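Remarks on the overall topology
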Amino acid sequence: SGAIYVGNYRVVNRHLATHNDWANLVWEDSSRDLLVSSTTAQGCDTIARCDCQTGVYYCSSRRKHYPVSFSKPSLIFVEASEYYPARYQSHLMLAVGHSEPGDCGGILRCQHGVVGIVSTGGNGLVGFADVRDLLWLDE
Ligand SMILES: Cn1ccc(NCc2ccccc2)n1
Ligand SMILES: [Zn+2]
């Protein structure tokens, strides 16, 4: 679990979105596994605006942060999970690293701020859902 809190927005994995998130829907994209919901308390988080391919993610299954090299956001085939059938996830970045389903919501961050959130895994790669392209989160 976990989310990004920036201005009056809450960013979560779409598949982990609560009733409250959907009642306060701002934007969702199923192919990205993201949902943004409106918040009544302001958010302090800084979103990275950059094309960094290095940083650090939180791994709740290890209670520890890991430094990684990651791919640029892309269209990667992702196997069926429970929450989705097999489909092309968009804006996905991969790193060689440990993750399990409950690690979703873990933040990936670089020196510029939040890059994205853990979204999928398998075969020893962690996938993160990129948020740096959503310039509207910083208004
Ligand atoms: C973020 N994330 C989703 C799946 C995953 N790792 C693959 C996996 C699936 C089920 C049990 C154990 C490991 N990491
Ligand atoms: Zn950066």
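Sequence positions are given from 1 along each chain as written, possibly unlike the numbering in the entry, and residues without coordinates are left off. All chains are assigned letters beginning with A, and all ligands numbers beginning with 1, in the order in which they are written. Hydrogens and waters are ignored; side-chain quantities use all the structure's heavy atoms.

**Here's the deal with the site of ligand 1**
Taken together, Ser 99, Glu 100, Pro 101, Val 118, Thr 120, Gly 121 and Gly 122 make up the full set of residues adjacent to ligand 1. Measuring from a nitrogen atom of ligand 1, one finds a backbone N or O atom of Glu 100 at 3.3 Å. Values of accessible area rely on a 1.4 Å probe in the Shrake-Rupley scheme; residue burial ignores everything except the protein chains shown. Contact with the protein chains removes 62% of the 360 Å² of surface that ligand 1 exposes when unbound. Each residue belonging to the shell around ligand 1 can be placed in one class, and the counts come to 2 nonpolar, 4 polar and 1 charged. We call a residue near a molecule or strand whenever a single non-hydrogen atom of that residue lies within 4 Å of it. Polar contact is the term for a pair of N or O atoms within 3.5 Å; when the atoms are in protein, one must be able to donate a hydrogen and the other to accept it, and sequence-neighboring residues count only if both atoms are side-chain atoms. Each residue is assigned to one of three groups, with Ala, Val, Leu, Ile, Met, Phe, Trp, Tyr, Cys and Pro labelled nonpolar, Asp, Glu, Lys and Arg labelled charged, and all others, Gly among them, labelled polar.

**Examining the coordination of the zinc ion (ligand 2)**
In the first shell of the zinc ion (ligand 2), the protein supplies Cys 50 (SG), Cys 52 (SG), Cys 110 (SG) and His 112 (ND1), at 2.0 to 2.4 Å from the metal. Coordination geometry of the zinc ion (ligand 2): the 4 donor atoms subtend angles of 98 to 124° at the metal centre, consistent with an arrangement described as tetrahedral. Each metal site lists N, O and S donors within 2.8 Å (3.2 Å for Na, K and Ca). With water left out of the atoms, a site can look as if it is missing ligands. Sequence positions of the donors to the zinc ion (ligand 2) reduce to the motif C-x1-C-x57-C-x1-H. Of this pair, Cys 52 sits in the loop between β3 (34–44) and β4 (54–59) while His 112 sits in the loop between β8 (107–110) and β9 (113–122), and the two are 60 residues apart along the sequence. Note on exposure labels: buried denotes an accessible area under 20% of the residue type's maximum, exposed denotes more than 50%, and partly exposed covers the range between, all computed with a 1.4 Å probe on protein chains only. For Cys 52, a relative accessible area of 15% gives the class buried. Since its relative accessible area comes to 37%, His 112 is described here as partly exposed. Labels for metal geometry use angle windows, namely 85 to 135 degrees for all angles of a four-donor tetrahedral site, and for square planar (four donors) or octahedral (six donors) sites opposite donors over 155 degrees apart plus all others within 65 to 115; sites meeting none of these are irregular. Runs of H or I in DSSP of at least four residues are treated as helices and runs of E of at least two as strands, each being numbered from the N terminus.

**Structural notes on the packing of aromatic side chains**
For any pair of aromatic rings, the description consists of the separation of the ring centres together with the inter-plane angle of the planes. Two rings from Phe, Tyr or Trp (for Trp, the six-membered ring) form a pair when their centres are within 6.5 Å of each other. A pair whose planes differ by under 30 degrees is stacked, one over 60 is edge-to-face, and the rest are tilted. Within the structure shown, the criterion is met by 5 aromatic pairs. With a centroid separation of 5.1 Å and an interplanar angle of 85°, the aromatic rings of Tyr 9 and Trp 136 are classed as edge-to-face. Within this pair, whereas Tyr 9 is found in strand β1 (residues 4–13), its partner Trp 136 is found in the segment after β10 (125–130), the two being separated by 127 residues in sequence. With a relative accessible area of 28%, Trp 136 lands in the partly exposed category. Here the aromatic rings of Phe 77 and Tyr 88 are separated by 5.2 Å at their centres, their planes lie at 70°, and the arrangement is edge-to-face. Of this pair, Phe 77 sits in strand β6 (residues 74–78) while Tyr 88 sits in strand β7 (residues 87–96); the two residues are 11 residues apart in sequence, bridging distant segments of the chain.

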